[PDB]
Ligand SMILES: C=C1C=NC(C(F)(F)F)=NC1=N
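Only one chain is shown below, in structure tokens, and it's the form solved without the ligand.
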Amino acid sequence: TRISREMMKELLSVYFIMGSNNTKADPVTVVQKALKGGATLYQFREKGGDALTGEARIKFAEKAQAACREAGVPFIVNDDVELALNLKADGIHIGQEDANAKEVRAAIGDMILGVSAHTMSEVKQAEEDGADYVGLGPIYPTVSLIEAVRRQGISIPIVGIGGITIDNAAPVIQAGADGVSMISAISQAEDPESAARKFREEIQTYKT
């Protein structure tokens, strides 16, 4: 069956997102360090400018997934449905533009489904479409909507994203989010493992 709302919320705590173009260091290493530091979920997001393509992209994907497995953390794929199914990913994340959430939900069985939402109505449609969690943002220039969502009684697991750092994360959890997702705060950090750990501890505190 679909993931439980309870387990989904726990997984979103420290949601690390990364592609090879998000770090000048070794990508596979930054991922291993983030997992070792305490990231609770990882999203493979290989896109934008100068991202890996073809076989090179697939190898990074398989290595990133292997690291998630050994660390016991779910592996989530951004956008690519075929890849998610081929690699047997733990789930997929999609945006509003190039994807029909309802059709994706039907194609992935009980895999975790994430959807980027930007409006109150998009949050509601994502849940209705079958999403297990919604990614809301950008929160910062890289929480009022989050507060508004919870105020109405919408209980879908929510993860904040967009310019989140160890110093502005707390307000996102207090607003009602179930976790924070980040890219550079960890991928570009001088000590990725340590950055992940701080986040891990910070979010624990505010959820507790």
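Note that residue numbering begins at 1 and tracks the sequence as displayed.
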Q: Please count the deposited residues lying between residue 142 and residue 143 that the model leaves without coordinates, and give the class: none, 1 to 3, 4 to 9, or 10 or more.
A: 10 or more
Q) Between 19 to 27 and 5 to 13, which has the larger average Cα B-factor in the PDB entry? A) 19 to 27
Q. Of 116 to 124 and 86 to 94, which one has the bigger average CA B-factor?
A. 116 to 124
Q. From 43, 152, 40, 181, which pick has the Cα B-factor that tops the rest in the entry?
A. 152
Q. Say you rank 77, 99, 111, 134 by Cα B-factor from the PDB entry; which sits at the top?
A. 99
Q: Comparing against every modelled residue in the chain, figure out the third that the C-alpha B-factor of residue 157 lands in (lowest, middle or highest).
A: lowest
Q: State the tercile, meaning the lowest, middle or highest third, of residue 146 with respect to the CA B-factors recorded for its chain.
A: highest
Q | CA B-factor placement of residue 173, once the chain's modelled residues are sorted into thirds | A | lowest
(Q) For the chain shown, is the CA B-factor of residue 34 in the lowest, middle or highest third of its modelled residues? (A) lowest
Q: Comparing against every modelled residue in the chain, figure out the third that the C-alpha B-factor of residue 51 lands in (lowest, middle or highest).
A: highest
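Although not depicted, the form solved in complex with the ligand is the subject of the following passage.
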Q. Contact between residue 45 and the ligand in the deposited complex at 4.5 Å, heavy atoms?
A. yes
Q) Looking in the deposited complex, any heavy atom of residue 159 within 4.5 Å of the ligand? A) yes
Q) Even though the ligand is not shown here, does residue 116 get within 4.5 Å of it in the deposited complex, heavy atoms only? A) yes
(Q) Given that the ligand is not shown alongside this chain, does residue 17 nevertheless sit within 4.5 Å of it in the deposited complex, heavy atom to heavy atom? (A) yes
Q: Specify the contacting stretch among 67 to 75, 103 to 111, 132 to 140, 81 to 89, defined as having any heavy atom within 4.5 Å of the ligand in the deposited complex.
A: 132 to 140
